[PDB]
Amino acid sequence: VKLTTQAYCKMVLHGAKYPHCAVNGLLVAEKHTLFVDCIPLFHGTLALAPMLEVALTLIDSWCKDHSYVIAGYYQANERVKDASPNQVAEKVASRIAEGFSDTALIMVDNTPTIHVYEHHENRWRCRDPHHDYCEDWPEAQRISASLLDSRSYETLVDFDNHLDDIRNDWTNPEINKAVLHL
Amino acid sequence: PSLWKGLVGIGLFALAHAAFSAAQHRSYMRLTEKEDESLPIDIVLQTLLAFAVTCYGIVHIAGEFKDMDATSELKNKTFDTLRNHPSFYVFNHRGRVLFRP
């Protein structure tokens with residue numbers, strides 16, 4: 001229900017690296033739930049099955065060895081006003097629900113600025129209209145800007161950039177390595 | 001290297017000098033009216049060497065060839081530079097509210 005400064009900073013960095021395009025990834029955690037970090041998957045046209053179902057296994061193979069487990073899924077729509085979840089968000093959340101309970105469907109509202117929908121027997125209903133819980137807002141807002149002003153998103157890499165060149169690390173070592181000292 | 005241009009320049013200069021030398025020798029032979037009418041091999045060697053050097057230089061300055069296989073030019077392309085259509089651009093994304101509101 002809470003996100004770590006690393007998860008939030010990686011989310012905002014991937015969202016800023018491709019503003020014109022959509023943003024998607026998988027929030028993975030340790031095995032009440034805290035989102036330690038996210039693995040950003042793709043951008044642009046996301047309504048495609050094979051590359052999305054490859055990321056499932058190619059991230060599980062890393063998390064099972066790194067003692068991690070995938071907990072949630074975030075999406076950022078192309079438009080700046082529309083933040084309603086598409087069919088893809090539901091179809092991916094239902095897939096992780098069968099392997100890990102308490103799945104959170106995150107919608108990055110471009111114009112806080114984050115919605116969290118939870119499934120309770122009927123649908124996916126958000127909680128941001130009522131209230132959204134985080135560990136500490138000012139710390140995250142400071143450390144995010146600290147990496148934003150330096151234009152560090154140009155250095156960030158996601159799974160789509162990794163499928164182009166394997167020399168790129170989808171786990172973002174050089175990002176959280178700077179996050180720890182800030 | 002990019003020094004081929006200077007090579008063809010020196011070749012053309014030597015060719016012009018050989019042409020001037022041949023003009024001088026022709027003037028001398030028409031002045032003295034000799035029945036030999038044989039160009040000096042000294043200037044003939046210079047003409048041939050300058051011609052060879054200049055031709056070999058312009059063979060290099062002409063520009064390099066390119067592969068015929070189309071699949072070779074798109075081997076470095078990525079879908080991040082093909083999805084974008086400069087005609088159907090839309091400006092109501094998050095970059096407007098994020099970068100310089």
# chains A, B, ... in the order shown; residues from 1 in each chain; ligands from 1
$ select_by_dssp --residues "segment 3-88 of chain A" --states "strand (DSSP E)" --output "list in words"
residues 3, 23, 24, 25, 26, 27, 28, 29, 30, 34, 35, 37, 38, 39, 40, 41, 42, 43, 68, 69, 70, 71, 72, 73, 74, 75 and 76 of chain A
$ write_last_selection --atoms "C-alpha atoms" --output "short mmCIF file (atom, residue, chain, number, x, y, z; two decimals), in the first residue's frame"
data_model
loop_
_atom_site.label_atom_id
_atom_site.label_comp_id
_atom_site.auth_asym_id
_atom_site.auth_seq_id
_atom_site.Cartn_x
_atom_site.Cartn_y
_atom_site.Cartn_z
CA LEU A 3 5.76 2.83 -2.25
CA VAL A 23 4.40 4.30 -19.57
CA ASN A 24 4.03 0.82 -18.09
CA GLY A 25 5.90 -1.44 -15.72
CA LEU A 26 5.72 -3.93 -12.87
CA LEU A 27 6.13 -2.95 -9.22
CA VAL A 28 8.07 -5.78 -7.57
CA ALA A 29 8.45 -6.25 -3.82
CA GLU A 30 10.02 -8.55 -1.24
CA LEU A 34 5.53 -2.03 0.43
CA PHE A 35 6.54 -1.29 -3.17
CA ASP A 37 10.95 -0.73 -6.79
CA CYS A 38 9.51 -1.11 -10.28
CA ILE A 39 10.76 -2.62 -13.53
CA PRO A 40 9.66 -0.40 -16.45
CA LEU A 41 8.60 -2.52 -19.40
CA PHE A 42 7.62 -0.61 -22.54
CA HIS A 43 6.25 2.59 -24.04
CA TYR A 68 11.63 -10.53 -4.91
CA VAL A 69 8.00 -10.97 -5.95
CA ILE A 70 5.89 -8.88 -8.34
CA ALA A 71 3.18 -7.00 -6.47
CA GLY A 72 1.56 -4.44 -8.74
CA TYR A 73 1.33 -2.80 -12.14
CA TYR A 74 1.35 0.88 -13.12
CA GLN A 75 0.26 2.61 -16.31
CA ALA A 76 0.43 6.19 -17.58
#
$ closest_atom_pairs --of "chain A" --to "chain B" --cutoff "7 Å" --atoms "only C-alpha atoms" --output "CSV"
residue,atom,partner,partner_atom,distance
A:19,CA,B:95,CA,4.9
A:20,CA,B:93,CA,5.5
A:78,CA,B:93,CA,6.0
A:79,CA,B:93,CA,5.0
A:80,CA,B:93,CA,4.9
A:110,CA,B:94,CA,5.6
$ write_last_selection --atoms "C-alpha atoms" --output "PDB file, in the first residue's frame"
ATOM      1  CA  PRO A  19       6.315  12.079 -22.175  1.00  0.00           C
ATOM      2  CA  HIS A  20       4.548  11.779 -25.535  1.00  0.00           C
ATOM      3  CA  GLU A  78      -0.935   9.100 -23.372  1.00  0.00           C
ATOM      4  CA  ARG A  79      -3.345  11.990 -22.831  1.00  0.00           C
ATOM      5  CA  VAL A  80      -2.840  14.370 -19.916  1.00  0.00           C
ATOM      6  CA  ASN A 110      -0.296  13.507 -15.293  1.00  0.00           C
TER       7      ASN A 110
END
$ residues_around --residues "residue 37 of chain B" --least-positions-apart "5" --cutoff "12 Å" --atoms "only C-alpha atoms" --output "PyMOL selection string"
chain B and resi 22+25-32
$ write_last_selection --atoms "N, CA and C atoms" --output "compact mmCIF listing (two decimals), in the first residue's frame"
# COMPACT_ATOMS: atom_id res chain seq x y z
N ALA B 22 55.83 21.06 -73.05
CA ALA B 22 55.61 20.59 -74.41
C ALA B 22 55.38 21.75 -75.37
N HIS B 25 58.81 23.18 -76.12
CA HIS B 25 59.59 22.34 -77.03
C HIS B 25 59.04 22.41 -78.44
N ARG B 26 57.72 22.48 -78.59
CA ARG B 26 57.14 22.61 -79.92
C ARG B 26 57.52 23.93 -80.56
N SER B 27 57.51 25.02 -79.78
CA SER B 27 57.94 26.31 -80.31
C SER B 27 59.40 26.25 -80.76
N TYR B 28 60.26 25.63 -79.96
CA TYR B 28 61.67 25.52 -80.33
C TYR B 28 61.85 24.71 -81.61
N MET B 29 61.14 23.59 -81.72
CA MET B 29 61.27 22.74 -82.90
C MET B 29 60.71 23.40 -84.14
N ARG B 30 59.67 24.23 -84.00
CA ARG B 30 59.18 24.96 -85.16
C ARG B 30 60.07 26.14 -85.50
N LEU B 31 60.85 26.62 -84.52
CA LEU B 31 61.82 27.68 -84.80
C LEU B 31 63.01 27.15 -85.58
N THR B 32 63.58 26.02 -85.15
CA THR B 32 64.79 25.52 -85.78
C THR B 32 64.53 24.59 -86.96
$ residues_around --residues "segment 82-91 of chain A" --least-positions-apart "4" --cutoff "7 Å" --atoms "only C-alpha atoms" --output "list in words"
residues 47, 77, 95, 107 and 109 of chain A
$ residues_around --residues "segment 118-132 of chain A" --least-positions-apart "6" --cutoff "8 Å" --atoms "only C-alpha atoms" --output "PyMOL selection string"
chain A and resi 102-105+112
$ closest_residue --among "A:136, A:12, A:159, A:149" --to "residue 56 of chain A" --atoms "only C-alpha atoms"
A:159
$ residues_around --residues "residue 54 of chain B" --least-positions-apart "2" --cutoff "8 Å" --atoms "only C-alpha atoms" --output "count of residues only"
11
$ select_by_dssp --residues "segment 41-91 of chain A" --states "alpha helix (DSSP H)" --output "MDAnalysis selection string"
chainID A and resid 49:63 87:91
$ write_last_selection --atoms "N, CA, C and O atoms" --output "mmCIF file, in the first residue's frame"
data_model
loop_
_atom_site.group_PDB
_atom_site.id
_atom_site.type_symbol
_atom_site.label_atom_id
_atom_site.label_comp_id
_atom_site.auth_asym_id
_atom_site.auth_seq_id
_atom_site.Cartn_x
_atom_site.Cartn_y
_atom_site.Cartn_z
ATOM 1 N N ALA A 49 0.432 -8.552 -26.932
ATOM 2 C CA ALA A 49 0.590 -9.626 -25.954
ATOM 3 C C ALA A 49 2.022 -10.137 -25.840
ATOM 4 O O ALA A 49 2.550 -10.164 -24.714
ATOM 5 N N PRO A 50 2.711 -10.553 -26.931
ATOM 6 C CA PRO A 50 3.942 -11.343 -26.763
ATOM 7 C C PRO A 50 5.043 -10.664 -25.964
ATOM 8 O O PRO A 50 5.612 -11.280 -25.056
ATOM 9 N N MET A 51 5.374 -9.414 -26.291
ATOM 10 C CA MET A 51 6.422 -8.731 -25.542
ATOM 11 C C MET A 51 6.028 -8.501 -24.092
ATOM 12 O O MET A 51 6.905 -8.412 -23.226
ATOM 13 N N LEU A 52 4.730 -8.417 -23.805
ATOM 14 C CA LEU A 52 4.281 -8.267 -22.428
ATOM 15 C C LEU A 52 4.364 -9.579 -21.661
ATOM 16 O O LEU A 52 4.674 -9.575 -20.464
ATOM 17 N N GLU A 53 4.103 -10.703 -22.325
ATOM 18 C CA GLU A 53 4.171 -12.003 -21.669
ATOM 19 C C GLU A 53 5.587 -12.555 -21.599
ATOM 20 O O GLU A 53 5.831 -13.494 -20.835
ATOM 21 N N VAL A 54 6.519 -12.007 -22.374
ATOM 22 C CA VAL A 54 7.935 -12.311 -22.207
ATOM 23 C C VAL A 54 8.506 -11.632 -20.969
ATOM 24 O O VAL A 54 9.326 -12.219 -20.259
ATOM 25 N N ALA A 55 8.074 -10.397 -20.704
ATOM 26 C CA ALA A 55 8.580 -9.660 -19.552
ATOM 27 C C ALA A 55 8.205 -10.349 -18.247
ATOM 28 O O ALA A 55 8.986 -10.334 -17.289
ATOM 29 N N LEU A 56 7.018 -10.957 -18.191
ATOM 30 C CA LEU A 56 6.613 -11.724 -17.017
ATOM 31 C C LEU A 56 7.705 -12.699 -16.596
ATOM 32 O O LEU A 56 8.236 -12.619 -15.483
ATOM 33 N N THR A 57 8.068 -13.613 -17.495
ATOM 34 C CA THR A 57 9.056 -14.631 -17.169
ATOM 35 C C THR A 57 10.460 -14.056 -17.045
ATOM 36 O O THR A 57 11.223 -14.488 -16.173
ATOM 37 N N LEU A 58 10.824 -13.087 -17.890
ATOM 38 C CA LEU A 58 12.166 -12.524 -17.822
ATOM 39 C C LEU A 58 12.385 -11.680 -16.576
ATOM 40 O O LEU A 58 13.535 -11.371 -16.249
ATOM 41 N N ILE A 59 11.318 -11.298 -15.882
ATOM 42 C CA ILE A 59 11.429 -10.625 -14.599
ATOM 43 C C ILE A 59 11.288 -11.604 -13.441
ATOM 44 O O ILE A 59 11.930 -11.435 -12.405
ATOM 45 N N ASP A 60 10.466 -12.644 -13.607
ATOM 46 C CA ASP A 60 10.382 -13.686 -12.588
ATOM 47 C C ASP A 60 11.727 -14.379 -12.405
ATOM 48 O O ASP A 60 12.137 -14.684 -11.280
ATOM 49 N N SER A 61 12.429 -14.636 -13.514
ATOM 50 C CA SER A 61 13.729 -15.294 -13.431
ATOM 51 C C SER A 61 14.734 -14.460 -12.648
ATOM 52 O O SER A 61 15.708 -15.002 -12.113
ATOM 53 N N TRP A 62 14.521 -13.146 -12.572
ATOM 54 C CA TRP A 62 15.405 -12.291 -11.788
ATOM 55 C C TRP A 62 14.922 -12.155 -10.350
ATOM 56 O O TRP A 62 15.736 -12.094 -9.423
ATOM 57 N N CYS A 63 13.604 -12.111 -10.147
ATOM 58 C CA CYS A 63 13.068 -11.884 -8.808
ATOM 59 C C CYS A 63 13.202 -13.123 -7.933
ATOM 60 O O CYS A 63 13.494 -13.018 -6.736
ATOM 61 N N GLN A 87 -8.393 -1.705 -21.034
ATOM 62 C CA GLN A 87 -8.560 -3.148 -20.921
ATOM 63 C C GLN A 87 -7.242 -3.851 -20.632
ATOM 64 O O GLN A 87 -7.239 -4.898 -19.974
ATOM 65 N N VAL A 88 -6.127 -3.291 -21.092
ATOM 66 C CA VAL A 88 -4.814 -3.883 -20.859
ATOM 67 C C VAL A 88 -4.464 -3.888 -19.379
ATOM 68 O O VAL A 88 -3.943 -4.877 -18.859
ATOM 69 N N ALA A 89 -4.732 -2.782 -18.681
ATOM 70 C CA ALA A 89 -4.428 -2.725 -17.255
ATOM 71 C C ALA A 89 -5.173 -3.804 -16.483
ATOM 72 O O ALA A 89 -4.577 -4.494 -15.649
ATOM 73 N N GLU A 90 -6.466 -3.977 -16.761
ATOM 74 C CA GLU A 90 -7.233 -5.027 -16.102
ATOM 75 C C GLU A 90 -6.711 -6.407 -16.480
ATOM 76 O O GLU A 90 -6.593 -7.295 -15.627
ATOM 77 N N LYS A 91 -6.400 -6.610 -17.763
ATOM 78 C CA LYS A 91 -5.965 -7.925 -18.216
ATOM 79 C C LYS A 91 -4.600 -8.308 -17.660
ATOM 80 O O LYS A 91 -4.302 -9.503 -17.557
#
